[PDB]
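Peer 1: Below: the sequence, then the experimentally determined structure.
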Amino acid sequence: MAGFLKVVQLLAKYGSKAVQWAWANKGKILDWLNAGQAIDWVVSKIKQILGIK
């Protein structure tokens, strides 16, 4: 399934700033979906990128 749209649905809780990133970058993140096959593994690579707390 399109985990990309799912992983972005959670960002809705953070706001409308961190969600823009995922939407903007729809090529480098799509790989993470077929690398770890998880969510916590992806989010961990977001707090270091932008800096969401």
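Peer 2: Cool, the structure landed. Numbering: from 1, shown residues only.
Peer 1: who's in contact with residue 10?
Peer 2: 39, 43 (Cβ atoms under 8 Å, 6 or more residues apart in numbering). All C-beta spots, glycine's among them, are computed from the backbone N, C-alpha and C.
Peer 1: secondary structure element for it?
Peer 2: Per DSSP states H and E: residue 10 is located in helix 3-11.
Peer 1: Repeat that for residue 41.
Peer 2: In this structure, residue 41 is located in helix 40-43 according to DSSP H and E.
Peer 1: can you list contacts of that helix?
Peer 2: 7, 10, 29, 32-33, 35-36.
Peer 1: Looking at those residues, which two lie furthest apart in space?
Peer 2: Using Cβ to Cβ, the two most remote members of the contacts of helix 40-43 are 10 and 35, lying 18.0 Å apart.
Peer 1: unless I'm mixing things up, residue 23 is touching residue 5, no?
Peer 2: No - taking Cβ atoms under 8 Å as the definition, residue 23 is not a contact partner of residue 5, at 9.7 Å.
Peer 1: on that earlier part again, can you name the element that comes right after the helix holding residue 10?
Peer 2: Downstream of helix 3-11, the first helix or strand assigned by DSSP H and E is helix 18-24.
Peer 1: And that following helix, what does it pack against?
Peer 2: Applying 3 or more Cβ pairs under 8 Å, 6 or more residues apart in numbering; DSSP states H and E, we find helix 18-24 packed against helix 3-11.
Peer 1: Name the nearest residue to residue 52, sequence neighbours excluded.
Peer 2: Once flanking residues are discounted, residue 52 sits nearest to residue 18: 4.6 Å by Cβ to Cβ, 6 or more residues apart in numbering.
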